[PDB]
file start.txt (compact mmCIF, N, CA and C atoms)
# COMPACT_ATOMS: atom_id res chain seq x y z
N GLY R 1 92.48 87.33 118.88
CA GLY R 1 93.20 87.70 120.09
C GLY R 1 94.50 86.91 120.22
N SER R 2 95.55 87.44 119.61
CA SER R 2 96.85 86.79 119.65
C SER R 2 97.88 87.65 118.91
N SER R 3 99.14 87.33 119.14
CA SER R 3 100.23 88.05 118.51
C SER R 3 101.57 87.50 118.98
N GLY R 4 102.63 87.93 118.30
CA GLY R 4 103.97 87.48 118.63
C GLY R 4 105.02 88.36 117.95
N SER R 5 106.28 87.99 118.16
CA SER R 5 107.38 88.72 117.57
C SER R 5 108.71 88.11 118.00
N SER R 6 109.70 88.22 117.12
CA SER R 6 111.01 87.68 117.40
C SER R 6 111.95 87.93 116.22
N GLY R 7 113.24 87.96 116.51
CA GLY R 7 114.24 88.19 115.48
C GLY R 7 114.95 89.52 115.70
N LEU R 8 116.26 89.49 115.51
CA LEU R 8 117.08 90.68 115.69
C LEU R 8 118.34 90.57 114.83
N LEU R 9 118.62 91.63 114.09
CA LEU R 9 119.79 91.66 113.23
C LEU R 9 119.85 93.00 112.50
N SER R 10 120.24 94.03 113.25
CA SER R 10 120.35 95.36 112.69
C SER R 10 119.16 95.64 111.76
N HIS R 11 118.06 96.06 112.37
CA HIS R 11 116.86 96.36 111.61
C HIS R 11 116.34 97.74 111.99
N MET R 12 116.89 98.75 111.33
CA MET R 12 116.50 100.12 111.59
C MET R 12 116.30 100.90 110.28
N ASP R 13 115.07 100.88 109.80
CA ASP R 13 114.73 101.57 108.57
C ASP R 13 113.34 101.15 108.11
N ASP R 14 113.20 99.86 107.85
CA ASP R 14 111.92 99.31 107.40
C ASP R 14 111.90 97.81 107.65
N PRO R 15 110.67 97.27 107.85
CA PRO R 15 110.50 95.85 108.10
C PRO R 15 110.67 95.05 106.81
N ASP R 16 110.68 95.77 105.69
CA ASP R 16 110.84 95.13 104.39
C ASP R 16 111.55 96.10 103.45
N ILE R 17 112.86 95.92 103.35
CA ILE R 17 113.67 96.76 102.49
C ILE R 17 113.84 96.08 101.13
N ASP R 18 112.71 95.85 100.47
CA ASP R 18 112.72 95.21 99.17
C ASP R 18 111.28 94.97 98.71
N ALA R 19 110.55 96.07 98.59
CA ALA R 19 109.16 96.00 98.16
C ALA R 19 108.67 97.40 97.80
N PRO R 20 108.85 97.76 96.50
CA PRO R 20 108.43 99.07 96.02
C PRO R 20 106.91 99.13 95.86
N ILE R 21 106.22 98.79 96.94
CA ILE R 21 104.77 98.81 96.94
C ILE R 21 104.26 99.31 98.29
N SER R 22 103.57 100.44 98.24
CA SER R 22 103.02 101.03 99.45
C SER R 22 102.48 99.94 100.38
N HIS R 23 102.84 100.06 101.65
CA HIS R 23 102.40 99.09 102.64
C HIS R 23 100.92 98.77 102.42
N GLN R 24 100.61 97.49 102.55
CA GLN R 24 99.24 97.03 102.36
C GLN R 24 98.40 97.34 103.61
N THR R 25 97.09 97.32 103.43
CA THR R 25 96.18 97.60 104.52
C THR R 25 96.36 99.03 105.02
N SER R 26 95.25 99.65 105.38
CA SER R 26 95.27 101.01 105.88
C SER R 26 96.21 101.12 107.08
N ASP R 27 96.40 102.35 107.54
CA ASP R 27 97.27 102.60 108.67
C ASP R 27 96.80 101.76 109.86
N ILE R 28 95.55 101.33 109.79
CA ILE R 28 94.97 100.52 110.84
C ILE R 28 95.71 99.18 110.91
N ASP R 29 96.60 99.08 111.89
CA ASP R 29 97.38 97.86 112.07
C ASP R 29 96.43 96.69 112.34
N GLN R 30 96.73 95.57 111.71
CA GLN R 30 95.91 94.38 111.88
C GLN R 30 95.98 93.88 113.32
N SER R 31 97.18 93.96 113.88
CA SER R 31 97.40 93.52 115.25
C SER R 31 96.52 94.34 116.20
N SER R 32 96.34 95.60 115.86
CA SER R 32 95.53 96.50 116.67
C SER R 32 94.08 96.00 116.70
N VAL R 33 93.53 95.84 115.50
CA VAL R 33 92.15 95.38 115.38
C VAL R 33 91.93 94.19 116.31
N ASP R 34 92.98 93.40 116.47
CA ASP R 34 92.91 92.23 117.34
C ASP R 34 92.98 92.68 118.80
N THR R 35 93.83 93.66 119.05
CA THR R 35 93.99 94.19 120.39
C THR R 35 92.63 94.55 120.99
N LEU R 36 91.70 94.87 120.11
CA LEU R 36 90.36 95.24 120.54
C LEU R 36 89.46 94.00 120.52
N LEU R 37 89.86 93.03 119.70
CA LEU R 37 89.11 91.79 119.58
C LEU R 37 89.06 91.09 120.94
N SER R 38 90.19 91.14 121.63
CA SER R 38 90.29 90.52 122.94
C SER R 38 89.50 91.33 123.97
N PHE R 39 89.69 92.64 123.92
CA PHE R 39 89.01 93.54 124.83
C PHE R 39 87.53 93.18 124.94
N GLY R 40 86.88 93.10 123.79
CA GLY R 40 85.47 92.77 123.74
C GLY R 40 84.73 93.64 122.72
N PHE R 41 85.15 93.52 121.47
CA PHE R 41 84.54 94.29 120.40
C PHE R 41 84.60 93.53 119.07
N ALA R 42 83.71 93.91 118.17
CA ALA R 42 83.65 93.27 116.87
C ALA R 42 84.81 93.78 116.00
N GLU R 43 85.48 92.84 115.35
CA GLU R 43 86.60 93.19 114.49
C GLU R 43 86.25 94.39 113.61
N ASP R 44 84.98 94.45 113.22
CA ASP R 44 84.51 95.53 112.38
C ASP R 44 84.66 96.86 113.13
N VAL R 45 84.09 96.89 114.33
CA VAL R 45 84.16 98.08 115.16
C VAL R 45 85.61 98.35 115.54
N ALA R 46 86.36 97.27 115.71
CA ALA R 46 87.76 97.37 116.08
C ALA R 46 88.49 98.21 115.03
N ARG R 47 88.05 98.06 113.79
CA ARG R 47 88.66 98.79 112.69
C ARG R 47 88.05 100.18 112.57
N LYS R 48 86.77 100.26 112.91
CA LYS R 48 86.06 101.53 112.85
C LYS R 48 86.64 102.49 113.89
N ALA R 49 86.87 101.95 115.08
CA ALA R 49 87.42 102.74 116.17
C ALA R 49 88.87 103.12 115.83
N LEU R 50 89.59 102.16 115.29
CA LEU R 50 90.98 102.38 114.91
C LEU R 50 91.03 103.21 113.62
N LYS R 51 89.87 103.35 113.00
CA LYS R 51 89.77 104.10 111.77
C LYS R 51 89.68 105.59 112.09
N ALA R 52 88.88 105.90 113.10
CA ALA R 52 88.70 107.28 113.52
C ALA R 52 89.83 107.67 114.47
N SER R 53 90.19 106.72 115.33
CA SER R 53 91.26 106.95 116.30
C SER R 53 92.61 106.95 115.59
N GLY R 54 92.87 105.86 114.87
CA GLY R 54 94.12 105.72 114.15
C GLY R 54 95.14 104.94 114.98
N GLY R 55 94.91 103.64 115.08
CA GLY R 55 95.81 102.78 115.84
C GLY R 55 95.57 102.94 117.35
N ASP R 56 95.64 104.18 117.80
CA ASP R 56 95.44 104.47 119.21
C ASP R 56 94.29 103.62 119.74
N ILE R 57 94.64 102.68 120.61
CA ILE R 57 93.65 101.79 121.20
C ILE R 57 92.79 102.58 122.19
N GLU R 58 93.47 103.21 123.14
CA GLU R 58 92.79 104.00 124.15
C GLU R 58 91.71 104.87 123.51
N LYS R 59 92.01 105.34 122.31
CA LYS R 59 91.07 106.18 121.58
C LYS R 59 90.01 105.30 120.92
N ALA R 60 90.46 104.16 120.41
CA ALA R 60 89.56 103.23 119.76
C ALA R 60 88.56 102.68 120.78
N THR R 61 89.09 102.31 121.93
CA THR R 61 88.26 101.77 123.00
C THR R 61 87.16 102.77 123.37
N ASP R 62 87.50 104.05 123.22
CA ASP R 62 86.55 105.11 123.54
C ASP R 62 85.61 105.32 122.35
N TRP R 63 86.20 105.40 121.17
CA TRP R 63 85.43 105.60 119.96
C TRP R 63 84.21 104.67 120.02
N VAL R 64 84.48 103.42 120.35
CA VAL R 64 83.43 102.43 120.45
C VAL R 64 82.27 102.99 121.28
N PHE R 65 82.62 103.53 122.43
CA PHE R 65 81.63 104.11 123.32
C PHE R 65 81.13 105.45 122.79
N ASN R 66 82.08 106.34 122.53
CA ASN R 66 81.76 107.66 122.01
C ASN R 66 80.63 107.54 120.98
N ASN R 67 80.86 106.67 120.00
CA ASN R 67 79.88 106.45 118.95
C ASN R 67 79.86 104.97 118.58
N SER R 68 78.68 104.50 118.21
CA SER R 68 78.51 103.11 117.83
C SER R 68 77.02 102.79 117.66
N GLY R 69 76.76 101.73 116.91
CA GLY R 69 75.39 101.31 116.66
C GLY R 69 75.22 99.82 116.95
N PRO R 70 73.94 99.43 117.21
CA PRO R 70 73.63 98.04 117.50
C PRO R 70 73.67 97.19 116.22
N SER R 71 74.18 95.98 116.37
CA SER R 71 74.28 95.06 115.25
C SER R 71 75.00 95.75 114.08
N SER R 72 75.24 94.97 113.04
CA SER R 72 75.91 95.48 111.86
C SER R 72 75.50 94.67 110.63
N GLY R 73 74.39 95.10 110.03
CA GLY R 73 73.88 94.43 108.84
C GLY R 73 74.26 95.19 107.57

call {"tool": "encode", "arguments": {"input": "start.txt", "output": "structure tokens"}}
result
Amino acid sequence: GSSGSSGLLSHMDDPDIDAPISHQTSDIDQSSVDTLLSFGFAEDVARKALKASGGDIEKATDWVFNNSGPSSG
């Protein structure tokens, strides 16, 4: 549960204009998974919800409820 940001200098195109390698990690933003971590969910489910929802927290927050199981072994 944390995040930050800062810096400005004509940045309109990509956060990294020098890396011919498909962005790492699924579309599921890491910051998002955390956004749910604070809410009150397991990072795992945070990704599962953001996996079906797709970043959309409001959807992820629901996904958790919509579907989910006890414990995770």

call {"tool": "residues_around", "arguments": {"input": "start.txt", "residues": "stretch 39-45 of chain R", "least_positions_apart": "5", "cutoff": "8 Å", "atoms": "only C-alpha atoms", "output": "list in words"}}
result
residues 33, 34 and 64 of chain R

call {"tool": "atom_distance", "arguments": {"input": "start.txt", "atom1": "atom C of residue R:28", "atom2": "atom N of residue R:55"}}
result
6.2 Å

call {"tool": "residues_around", "arguments": {"input": "start.txt", "residues": "residue R:60", "least_positions_apart": "5", "cutoff": "10 Å", "atoms": "only C-alpha atoms", "output": "list in words"}}
result
residues 32, 33, 36, 45, 46, 47, 48, 49, 50, 51, 52, 53, 54, 55, 65 and 66 of chain R

call {"tool": "atom_distance", "arguments": {"input": "start.txt", "atom1": "atom C of residue R:25", "atom2": "atom C of residue R:56"}}
result
15.6 Å

call {"tool": "select_by_dssp", "arguments": {"input": "start.txt", "residues": "stretch 2-61 of chain R", "states": "alpha helix (DSSP H)", "output": "ChimeraX atom specification"}}
result
/R:30-39,43-52,57-61

call {"tool": "atom_distance", "arguments": {"input": "start.txt", "atom1": "atom CA of residue R:5", "atom2": "atom CA of residue R:62"}}
result
27.2 Å

call {"tool": "closest_residue", "arguments": {"input": "start.txt", "among": "R:35, R:72, R:67, R:61", "to": "residue R:1", "atoms": "only C-alpha atoms"}}
result
R:35

call {"tool": "closest_residue", "arguments": {"input": "start.txt", "among": "R:19, R:2, R:13, R:69", "to": "residue R:31", "atoms": "only C-alpha atoms"}}
result
R:2

call {"tool": "decode", "arguments": {"input": "start.txt", "residues": "stretch 23-54 of chain R", "atoms": "N, CA and C atoms", "output": "short mmCIF file (atom, residue, chain, number, x, y, z; two decimals), in the first residue's frame"}}
result
data_model
loop_
_atom_site.label_atom_id
_atom_site.label_comp_id
_atom_site.auth_asym_id
_atom_site.auth_seq_id
_atom_site.Cartn_x
_atom_site.Cartn_y
_atom_site.Cartn_z
N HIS R 23 6.73 -4.39 -22.83
CA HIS R 23 6.60 -4.04 -21.43
C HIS R 23 6.50 -5.32 -20.59
N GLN R 24 7.19 -5.30 -19.46
CA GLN R 24 7.20 -6.44 -18.56
C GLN R 24 5.90 -6.47 -17.74
N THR R 25 5.63 -7.64 -17.19
CA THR R 25 4.43 -7.82 -16.38
C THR R 25 3.18 -7.63 -17.24
N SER R 26 2.17 -8.44 -16.95
CA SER R 26 0.91 -8.36 -17.68
C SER R 26 0.35 -6.95 -17.61
N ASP R 27 -0.74 -6.74 -18.34
CA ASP R 27 -1.38 -5.44 -18.37
C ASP R 27 -1.74 -5.02 -16.94
N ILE R 28 -1.79 -6.01 -16.06
CA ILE R 28 -2.11 -5.76 -14.67
C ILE R 28 -1.01 -4.91 -14.04
N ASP R 29 -1.30 -3.62 -13.91
CA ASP R 29 -0.35 -2.69 -13.33
C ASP R 29 -0.03 -3.13 -11.90
N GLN R 30 1.25 -3.05 -11.56
CA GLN R 30 1.70 -3.43 -10.23
C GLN R 30 1.11 -2.49 -9.18
N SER R 31 1.06 -1.22 -9.54
CA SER R 31 0.53 -0.21 -8.64
C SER R 31 -0.93 -0.53 -8.31
N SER R 32 -1.63 -1.07 -9.30
CA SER R 32 -3.03 -1.42 -9.13
C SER R 32 -3.16 -2.51 -8.06
N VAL R 33 -2.44 -3.60 -8.28
CA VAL R 33 -2.47 -4.71 -7.34
C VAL R 33 -2.35 -4.18 -5.92
N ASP R 34 -1.58 -3.11 -5.78
CA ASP R 34 -1.37 -2.50 -4.48
C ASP R 34 -2.62 -1.70 -4.09
N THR R 35 -3.19 -1.03 -5.08
CA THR R 35 -4.38 -0.23 -4.85
C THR R 35 -5.45 -1.07 -4.14
N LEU R 36 -5.39 -2.37 -4.36
CA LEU R 36 -6.34 -3.28 -3.75
C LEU R 36 -5.76 -3.83 -2.45
N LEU R 37 -4.43 -3.80 -2.37
CA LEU R 37 -3.74 -4.28 -1.19
C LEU R 37 -4.18 -3.45 0.03
N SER R 38 -4.31 -2.15 -0.20
CA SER R 38 -4.72 -1.24 0.86
C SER R 38 -6.20 -1.45 1.18
N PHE R 39 -7.00 -1.53 0.13
CA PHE R 39 -8.43 -1.72 0.29
C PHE R 39 -8.72 -2.81 1.32
N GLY R 40 -8.11 -3.97 1.10
CA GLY R 40 -8.29 -5.09 2.00
C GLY R 40 -8.45 -6.40 1.22
N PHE R 41 -7.41 -6.73 0.48
CA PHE R 41 -7.43 -7.95 -0.32
C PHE R 41 -6.01 -8.51 -0.48
N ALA R 42 -5.95 -9.80 -0.77
CA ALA R 42 -4.68 -10.47 -0.95
C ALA R 42 -4.10 -10.10 -2.32
N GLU R 43 -2.81 -9.76 -2.31
CA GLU R 43 -2.13 -9.38 -3.53
C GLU R 43 -2.48 -10.35 -4.66
N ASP R 44 -2.66 -11.61 -4.29
CA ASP R 44 -3.00 -12.63 -5.25
C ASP R 44 -4.36 -12.31 -5.89
N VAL R 45 -5.34 -12.11 -5.03
CA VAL R 45 -6.69 -11.79 -5.49
C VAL R 45 -6.67 -10.43 -6.19
N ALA R 46 -5.80 -9.56 -5.70
CA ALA R 46 -5.68 -8.23 -6.27
C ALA R 46 -5.32 -8.35 -7.75
N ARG R 47 -4.54 -9.37 -8.06
CA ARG R 47 -4.12 -9.61 -9.43
C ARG R 47 -5.19 -10.39 -10.19
N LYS R 48 -5.87 -11.26 -9.45
CA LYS R 48 -6.92 -12.08 -10.04
C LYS R 48 -8.08 -11.18 -10.47
N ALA R 49 -8.42 -10.24 -9.60
CA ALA R 49 -9.51 -9.32 -9.88
C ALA R 49 -9.10 -8.39 -11.03
N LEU R 50 -7.85 -7.95 -10.97
CA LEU R 50 -7.32 -7.06 -11.99
C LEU R 50 -7.02 -7.87 -13.26
N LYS R 51 -7.07 -9.18 -13.11
CA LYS R 51 -6.80 -10.08 -14.22
C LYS R 51 -8.06 -10.21 -15.08
N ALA R 52 -9.19 -10.35 -14.40
CA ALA R 52 -10.47 -10.48 -15.08
C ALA R 52 -11.01 -9.09 -15.42
N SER R 53 -10.81 -8.17 -14.49
CA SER R 53 -11.27 -6.80 -14.68
C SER R 53 -10.38 -6.09 -15.69
N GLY R 54 -9.08 -6.10 -15.41
CA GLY R 54 -8.11 -5.46 -16.28
C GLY R 54 -7.81 -4.04 -15.81
#
